[PDB]
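Each chain, letter by letter, is given below.
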Amino acid sequence: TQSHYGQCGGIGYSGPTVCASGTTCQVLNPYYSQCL
Ligand SMILES: *[C@H]1O[C@H](CO)[C@@H](O)[C@H](O)[C@@H]1O
């Protein structure tokens, strides 16, 4: 899972897409999504 302020899963990202407990994957940009 991705940590707080980490890139969860935007377009082009293939790593830890599921955010940690208490954080939501906020799509800041189509490619940049951050666990907030
Ligand atoms: C991601 O996996 C779980 C998701 O809730 C977290 O509890 C864990 O700490 C890790 O960051």
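What counts as what
- Residues numbered from 1 in each chain as written, not as in the entry; some residues may be left out.
- Heavy atoms only, no water.
- Disulfide = S-S within 2.5 Å.
- Helix = DSSP H or I, 4+ residues; strand = E, 2+ residues; numbered from the N terminus.

The record lists solution NMR as the method behind this PDB entry.

Asker: Can you help me understand the state of the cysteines in this one?
Answerer: Linking two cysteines covalently via their sulfur atoms produces the bond known as a disulfide. Taken as a whole and assessed by the stated rule, the structure comprises two disulfides. One disulfide in the model links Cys 8 with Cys 25; its S-S distance is 2.0 Å. Looking down the S-S bond of the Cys 8 and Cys 25 bridge, the torsion is 75°, so its handedness is right-handed. Taken together, the residues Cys 8 in the segment before β1 (25-27) and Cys 25 in strand β1 connect sequence positions 17 residues apart. The residue that forms a disulfide with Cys 19 is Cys 35, at a sulfur-sulfur distance of 2.0 Å. The chirality of the disulfide connecting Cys 19 with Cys 35 is left-handed, given an S-S dihedral of about -80°. Within this pair, whereas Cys 19 is found in the segment before β1, its partner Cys 35 is found in strand β2 (residues 33-35), the two being separated by 16 residues in sequence.

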